[PDB]
Structure formats: C-alpha cells, structure tokens
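All residue numbers in this chain count up from 1 along the given sequence.
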Amino acid sequence: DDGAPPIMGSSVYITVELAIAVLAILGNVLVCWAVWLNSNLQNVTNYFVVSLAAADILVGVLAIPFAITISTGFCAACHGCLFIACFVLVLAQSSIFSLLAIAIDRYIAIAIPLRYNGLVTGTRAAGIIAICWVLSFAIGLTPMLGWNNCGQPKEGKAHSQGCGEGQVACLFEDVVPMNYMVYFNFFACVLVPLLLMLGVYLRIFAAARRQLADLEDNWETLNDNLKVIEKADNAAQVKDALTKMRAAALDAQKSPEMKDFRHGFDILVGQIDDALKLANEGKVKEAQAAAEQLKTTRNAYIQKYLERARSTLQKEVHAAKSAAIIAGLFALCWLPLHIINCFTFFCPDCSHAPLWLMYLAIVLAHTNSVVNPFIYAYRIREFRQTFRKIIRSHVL
Ligand SMILES: CC(C)CCC[C@@H](C)[C@H]1CC[C@H]2[C@@H]3CC=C4C[C@@H](O)CC[C@]4(C)[C@H]3CC[C@]12C
Ligand SMILES: CC(C)CCC[C@@H](C)[C@H]1CC[C@H]2[C@@H]3CC=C4C[C@@H](O)CC[C@]4(C)[C@H]3CC[C@]12C
Ligand SMILES: CC(C)CCC[C@@H](C)[C@H]1CC[C@H]2[C@@H]3CC=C4C[C@@H](O)CC[C@]4(C)[C@H]3CC[C@]12C
Ligand SMILES: CCCCC#Cc1nc(N)c2nc(-c3cccs3)n([C@@H]3OC[C@@H](O)[C@H]3O)c2n1
Ligand SMILES: CCCCCCCC/C=C\CCCCCCCC(=O)OC[C@H](O)CO
Ligand SMILES: CCCCCCCC/C=C\CCCCCCCC(=O)OC[C@H](O)CO
Ligand SMILES: CCCCCCCC/C=C\CCCCCCCC(=O)OC[C@H](O)CO
Ligand SMILES: CCCCCCCC/C=C\CCCCCCCC(=O)OC[C@H](O)CO
Ligand SMILES: CCCCCCCC/C=C\CCCCCCCC(=O)O
Ligand SMILES: CCCCCCCC/C=C\CCCCCCCC(=O)O
Ligand SMILES: CCCCCCCC/C=C\CCCCCCCC(=O)O
Ligand SMILES: CCCCCCCC/C=C\CCCCCCCC(=O)O
Ligand code: NA
C-alpha cells in the first residue's frame, strides 16, 4: 500500500460519472420533449434522433450506474456481472444503427428527392427502429450466449475478495473476452459501420456539389445562348441556340410558389417555341425580338427558381454536416477506449493502460451522451427555438 486509498480515486470517477448521467438525461429528455411537442420537428430523420436520444437517456439511467458498479469489483454471479458489463454495448450499437439510418436518410433525400416521401415514411421508420433495437440487444449481449470468460474464472482474485461459490470479482476485462471486444465489437460492429457512414456522407456532399454546379450551368447556358441569339447573323444561328435552350428548359422542368414556377416554365417554353417558329420561317429579326422577351420571364421567374433551388440544396448540405458532426463526435468519444482495448489485446508485452487512463477513457465515452442536444441547439434553428419555449415555459 504505497498508492492512495482506492476510494479516493473512485470518488472522483464516480462523481464525474454521476454528473455526466444527470446531464445526459436532462439534455436528451429535452430532445424527446421537443420532437413530441413541435410538429415541424416530426419527420423520419428526427425519429432516429429520438431513438438516439433514448439510447443516451439509458446511458445515464442504466449504463453509468452499471459502470460505477463494475468499478468496485464486487462479488457477483459471473453471468450477472456479464450482463451489466455488456449492456452499454447494446446502447452503443443502437446509436450506430441510428447514426447509419440518419446518413442513409439524408442520402435518399438528396439523391432521389422526388420519390423520398413515398419511399421513406414514418411507419417504415418506426419498424426499422424496432428491428435495430432487437439487433442491438443480440449484438451487444452476444457474450451472454457463450462467448465469455465465465468458464475460466480468476479464482485467486475471487478468493482474495471473499466471493462465494459461482461468483467472481466483477470486472469488465475479466468476463468480457478481448477478442470479442476488438474483432467483433470494434472492427465488425463499430469501425465498419462508421466507415460506411463516411462513404455515405462523401456521396451526399459529392451529390450536392454536382447538383449545385449543374444548376449554375443551366443558368449560364440560358444567358449564353441569349447572347448568341442577340449577336446572330442569320436565322439558322438563332434556331441552333433556341433548340439548345428548349431542351434545357424542359430539362429544368423536372404550393403557391410552386404554382408560379410551373407558370414560369410554361411561359419560357412557349416563348422559345414562338421564337423557334419565327426562326424556321427565316424571320431573323422577328425571332430575335421574340427571344428578348425571355429576359422578362428570366427576371420574374427563372432567377427566383434558381435561388430557391440553391437555397434548398444549401440547407441540405447544412443538415448533412450537422448529422456528420454527430457521427464524428461518436467516433471521437469512443475511439480512445477502443484503441486502449487494441493495445491490451495486440501488445501483450505492453503494460496495461493505467487505471486513471481507463477512468478518463470511460468518462469520455459516456460524455458522448451529453453532446448531441448541444449540436441540435447550435445548428438547427427549429430545435433551438423549441428548446427555448420549453425552458422559458416550464423550467423558468
Ligand atoms: C428495466 C430496469 C428498470 C430494470 C433494471 C434491472 C437491473 C438493475 C437488474 C436486472 C438483472 C440484475 C442482475 C442480475 C444478476 C446479478 C448477479 C448477482 O450476483 C449480483 C447482481 C446482478 C449483477 C444483478 C444486478 C441488477 C440487475 C442488472
Ligand atoms: C484522436 C483520438 C481518438 C486518438 C486517441 C489515441 C489514444 C487513445 C492513444 C494515443 C497514445 C496511446 C498510448 C500510447 C502508449 C501506451 C503505453 C502502453 O504500455 C499502454 C497503452 C498506451 C497507454 C496507449 C493507450 C492509447 C493512447 C493513449
Ligand atoms: C481510422 C481509424 C480511426 C481507425 C483506428 C485504427 C486503429 C485500429 C489503430 C490505430 C493505432 C493502432 C495501434 C498502434 C500500435 C499498436 C502496438 C502494436 O504492438 C500492436 C498493434 C497496435 C495496438 C495498433 C492496433 C491498431 C490501432 C489501434
Ligand atoms: C478500470 C475502470 C473501471 C472498471 C472498468 C472497465 C472497462 N474496461 C474496458 N476495457 C472497457 N471497454 C469498454 C467498452 C465498451 C464498448 C466499447 S469499449 N468498457 C465500457 O465502455 C464504457 C463503460 O460503459 C465501460 O463499462 C470498458 N470498461
Ligand atoms: C466533448 C468531448 C468531452 C469533453 C469533456 C472532457 C472529457 C472528460 C470529461 C470530464 C473531465 C475528466 C474528469 C476526469 C475523471 C477521471 C479521472 C479520475 O477518475 O481520476 C482518477 C484518480 O485521479 C486516480 O485514480
Ligand atoms: C436523478 C436524481 C439523482 C439520483 C442519483 C444521486 C443519488 C446517488 C448518490 C450517490 C451514489 C454513490 C454511489 C455509491 C458507490 C460507492 C462505491 C465505492 O465508494 O466503493 C468503491 C470501491 O469500494 C473501491 O473501489
Ligand atoms: C419503464 C420500465 C419498463 C422497462 C421494461 C422492462 C421489461 C423487462 C423485461 C424482461 C427483463 C428480463 C431480465 C433480463 C435481465 C436479467 C439477465 C439475467 O437473467 O442474467 C442474470 C443471471 O440470472 C445471472 O445468474
Ligand atoms: C425493443 C426492445 C428490444 C428488446 C428485445 C430483446 C432481444 C434480446 C435478443 C437477444 C439477447 C439474448 C441474450 C441471451 C440472454 C441470456 C440471459 C441469461 O439468462 O443467461 C444467464 C444465465 O441464465 C446464467 O447462466
Ligand atoms: C417487453 C417488450 C415490449 C416493449 C414495448 C416496446 C417498448 C416501448 C418503448 C418506448 C415507447 C415510446 C415509443 C415512441 C412513442 C412515439 C409516439 C407516436 O408514435 O406517436
Ligand atoms: C428508473 C430505472 C432505475 C434502474 C435502476 C438501476 C440502478 C442500479 C444499478 C446497478 C445495480 C447495482 C447492483 C450491485 C449488486 C451488489 C450486491 C452484492 O453486494 O453482492
Ligand atoms: C434514475 C437513476 C437510476 C438509479 C441509479 C441510482 C444511483 C446509484 C449509482 C450507482 C450504484 C452503485 C451501487 C454499488 C454497487 C455494489 C458495490 C458493492 O457491492 O460493494
Ligand atoms: C463532466 C461533464 C462533461 C460535460 C461535457 C461537455 C458537454 C458539452 C456539449 C457539447 C459541446 C459541443 C457544443 C458545440 C457544438 C456546436 C455545433 C456547431 O456549430 O458546429
Ligand atoms: Na449514444
């Protein structure tokens, strides 16, 4: 006994865990309360947010008390010890599924918006959420099915602590096999899905980049070909430019504001047709004058359509970044503990990470259950405004 009494360091760890638990419950209860109250927040994307918040509420209510209990090494039946050690794996896996669903949902919205509402529905989302929770319990509790160290209990540690028959000193790394934690949980169930999310978000931002560039190209094609018509010398040159503009207009043609965008393209294709007939009749001056009327349609309809399409794309990029930040923070908070397990497993010649670092890595992982409500409040106005209403009306 040359080191400080364990209860002193335990007290700091336990106090910090309890602080994290309270904060995890408060913030994520607020998220669930906001979606339940505000119909503007009731969409498929946010149903996975609620599932994610539910997992974080359970981290504070169950996983953290379990972790505190594990840190004492109390005597326990091995499979009972195994359950409280593995339950957080269930919650982490649920978080992964929810995060992956959110990325996929945002990809469907950007890649095929015209058939998003018919493909992604609330009833289908609720069923997916239920399946993912079942799979999370199956994956997280796999050690309960026999992939555990309960067959080889550390009897020396058990006897030294005065444990009874069939009991062990309940310690995470004594009951949960490290090949499970590294190969099965980390590589297969955590790292691979996180890498898939990375690929999905790369496809989301690439798709958004491509669609914003295409919009700016059509706007340039319309204006360039208008100049070609104005400076044309014969009717054939006017026809060639008008033939291009017509195909582009019909290509760009694929609520009150929407009622005026449909009326705008009807004027545009009609005005292109009028000029195209004049050009085919060899009336070059009549065609140019008719083409000049397109500027009026451009100023009153086409330019406004371009700006709303651009605004909508930029809002999707902003939302996709918010979702990517959530997934990235999950990786940042959990990777240290995973990396420590890799050193324990792959470097038997390395000294085990010290107890204080284990505490720090565990606290960091649990802090992930606190951060999501802040991301929503800082990056999503509808959440921010709803949070204020709830706070001003019920807390204050
Ligand atoms: C739905 C929620 C509220 C129910 C919570 C039930 C939890 C707390 C229960 C369910 C199973 C229980 C465990 C089952 C078996 C054992 C083995 C025993 O030697 C020590 C206690 C221990 C480890 C129990 C601790 C408490 C426990 C984890
Ligand atoms: C960006 C984030 C996710 C990376 C964090 C990496 C952390 C977890 C890495 C960086 C350096 C690593 C340490 C480097 C050296 C040792 C000494 C060895 O005897 C036990 C493991 C231990 C103590 C490692 C534990 C994990 C460690 C602390
Ligand atoms: C893309 C990133 C975030 C994925 C994480 C990569 C992980 C798996 C990498 C990063 C650092 C790596 C460790 C670096 C050093 C050692 C010490 C060596 O004696 C055994 C392997 C071990 C323990 C490596 C295992 C794998 C490792 C933990
Ligand atoms: C020594 C500190 C107190 C006793 C302990 C431990 C301990 N040792 C580990 N090697 C470990 N690895 C994990 C992982 C679960 C999912 C991914 S990594 N955990 C659990 O993850 C956060 C907490 O819930 C904790 O119980 C771990 N706990
Ligand atoms: C957003 C990412 C997370 C941001 C938040 C930072 C993450 C850490 C959390 C709280 C401070 C850490 C408190 C440290 C408590 C663990 C150390 C401990 O228990 O001390 C052991 C003792 O000193 C000898 O055993
Ligand atoms: C949401 C409302 C708040 C409810 C939550 C607040 C009430 C719980 C308070 C304290 C629990 C303290 C946990 C006791 C665990 C002590 C373990 C200990 O000290 O022993 C360590 C071991 O013996 C050597 O490593
Ligand atoms: C809001 C409250 C609603 C919450 C919903 C509650 C529904 C729980 C249903 C079944 C739990 C079955 C118990 C599972 C935990 C026990 C694990 C177990 O039995 O293993 C320990 C073993 O006995 C060691 O010897
Ligand atoms: C939406 C809610 C979803 C929840 C749906 C639940 C799905 C559970 C599926 C697989 C886990 C089964 C793991 C096996 C549990 C075994 C516990 C047990 O009894 O083993 C200890 C033994 O009794 C002492 O030797
Ligand atoms: C014992 C297995 C059966 C358990 C029943 C399922 C568990 C229920 C868990 C949480 C209930 C909250 C579900 C979300 C409510 C949303 C309300 C709505 O759809 O409008
Ligand atoms: C509202 C949901 C409430 C859930 C309660 C969870 C809090 C309890 C957490 C862990 C239980 C600790 C079990 C410790 C067993 C010690 C018995 C012994 O000394 O052998
Ligand atoms: C909603 C909160 C859920 C209830 C949690 C209550 C807070 C208790 C926190 C940790 C419990 C730890 C109990 C000690 C484990 C057994 C240690 C021993 O046997 O010596
Ligand atoms: C011991 C208690 C530990 C508390 C952990 C810290 C909690 C802070 C929560 C979230 C931090 C991130 C909030 C800022 C996100 C801004 C989003 C953005 O604008 O890009
Ligand atoms: Na989580």
Side-chain angles (χ1 to χ4, degrees), residues 3-4 6-24 27-28 52 55-56 58-74 81-82 84-96 99 139-140 143 149 169-195 325-372 374-375:
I7 195 178
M8 294 184 67
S10 295
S11 296
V12 175
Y13 163 72
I14 291 171
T15 299
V16 171
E17 288 275 57
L18 292 174
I20 293 164
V22 176
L23 291 172
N28 287 285
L52 189 56
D56 290 330
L58 292 177
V59 164
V61 172
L62 290 179
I64 282 174
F66 290 175
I68 292 167
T69 299
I70 293 298
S71 76
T72 73
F74 76 116
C81 177
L82 192 56
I84 62 172
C86 291
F87 184 73
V88 72
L89 309 180
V90 179
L91 303 181
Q93 201 62 40
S94 180
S95 301
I96 283 160
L99 291 165
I139 291 167
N149 298 330
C170 182
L171 295 166
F172 186 94
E173 290 185 25
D174 286 4
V175 298
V176 185
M178 198 64 75
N179 52 13
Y180 167 88
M181 287 301 297
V182 172
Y183 290 140
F184 191 94
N185 190 265
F186 182 41
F187 289 176
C189 294
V190 174
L191 186 57
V192 163
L194 286 173
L195 293 174
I325 289 165
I326 300 278
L329 287 170
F330 180 94
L332 185 77
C333 290
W334 281 100
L335 272 171
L337 190 54
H338 281 297
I339 291 165
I340 291 166
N341 291 341
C342 287
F343 274 91
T344 306
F345 181 68
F346 288 122
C347 187
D349 297 328
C350 294
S351 294
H352 196 294
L355 176 54
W356 65 265
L357 186 57
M358 301 304 303
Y359 286 155
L360 181 57
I362 289 167
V363 159
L364 179 63
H366 291 163
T367 301
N368 181 250
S369 301
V370 178
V371 300
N372 290 348
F374 287 85
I375 302 294

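A donor-acceptor pair under 3.5 Å links the side-chain atoms of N28 to the main chain of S369, judged by distance alone. Remark: the backbone N or O of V90 is not paired with any side-chain donor or acceptor of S94 at under 3.5 angstrom. Formation of a donor-acceptor pair under 3.5 Å by the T15 side chain with backbone atoms of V12 is not found in this model.
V59 is not listed as a side-chain neighbour of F87, based on a closest heavy-atom distance of 4.5 Å or more. Looking at heavy atoms from C-beta onward, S10 lies in side-chain contact with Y359 at the 4.5 angstrom threshold. Proximity of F330 to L99: side-chain heavy atoms (C-beta onward) are separated by under 4.5 Å at one or more points. Side chains of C81 and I70 form a contact here, defined as non-hydrogen atoms less than 4.5 Å apart. Between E173 and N149, every side-chain heavy-atom pair lies at or beyond the 4.5 Å cut-off. Contact of the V61 side chain with the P65 side chain is not registered, since no non-hydrogen atoms from C-beta on lie closer than 4.5 Å.
Nearest heavy-atom pair, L82 versus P143, reported as atom, atom and distance to 0.1 Å: CD2-O, 3.6 Å. Across all non-hydrogen atoms, the minimal contact from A188 to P193 is O-CD, 3.4 Å. The shortest non-hydrogen separation linking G73 to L171 is CA-CD2, 3.9 Å. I340 and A353 make their closest contact through CG2-CB, 3.8 Å (heavy atoms, listed as atom of the first residue, atom of the second, distance). The shortest non-hydrogen separation linking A169 to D174 is O-OD2, 4.1 Å.
Using a 30° and 60° split on the angle between ring planes, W334 and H366 fall in the perpendicular class, above 60°. Using cut-offs of 30° and 60° for the angle between ring planes, the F346 and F187 rings count as parallel.
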Decide yes or no on side-chain contact (heavy atoms from CB on, under 4.5 Å) for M358 and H352, but give the supporting numbers first. CA-CA 10 Å; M358 301 304 303; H352 196 294; 3.8 Å; yes

side-chain contact (heavy atoms from CB on, under 4.5 Å) for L89 and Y180? Distances and angles first, verdict last. CA-CA 11 Å; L89 309 180; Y180 167 88; 3.7 Å; yes

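Expressed to the nearest 0.5 Å, how far CD1 of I20 lies from CG of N368 amounts to 11.0 Å. Annotation: the span from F172 atom CZ to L337 atom CG amounts to 7.5 Å, rounded to 0.5 Å. To the nearest 0.5 Å, atom CG of residue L191 and atom OH of residue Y183 are 13.5 Å apart. Rounded to the nearest 0.5 Å, atoms CG (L52) and CG (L91) are 11.0 Å apart. Atom CD1 of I14 and atom CD1 of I64 lie 12.0 Å apart (nearest 0.5 Å). With rounding to the nearest 0.5 Å, the separation of CD1 in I68 from CD in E17 is 5.5 Å.
Other residues, nucleotides and ligands contribute only 12 or fewer heavy atoms inside 6.0 Å of the CZ atom of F374.
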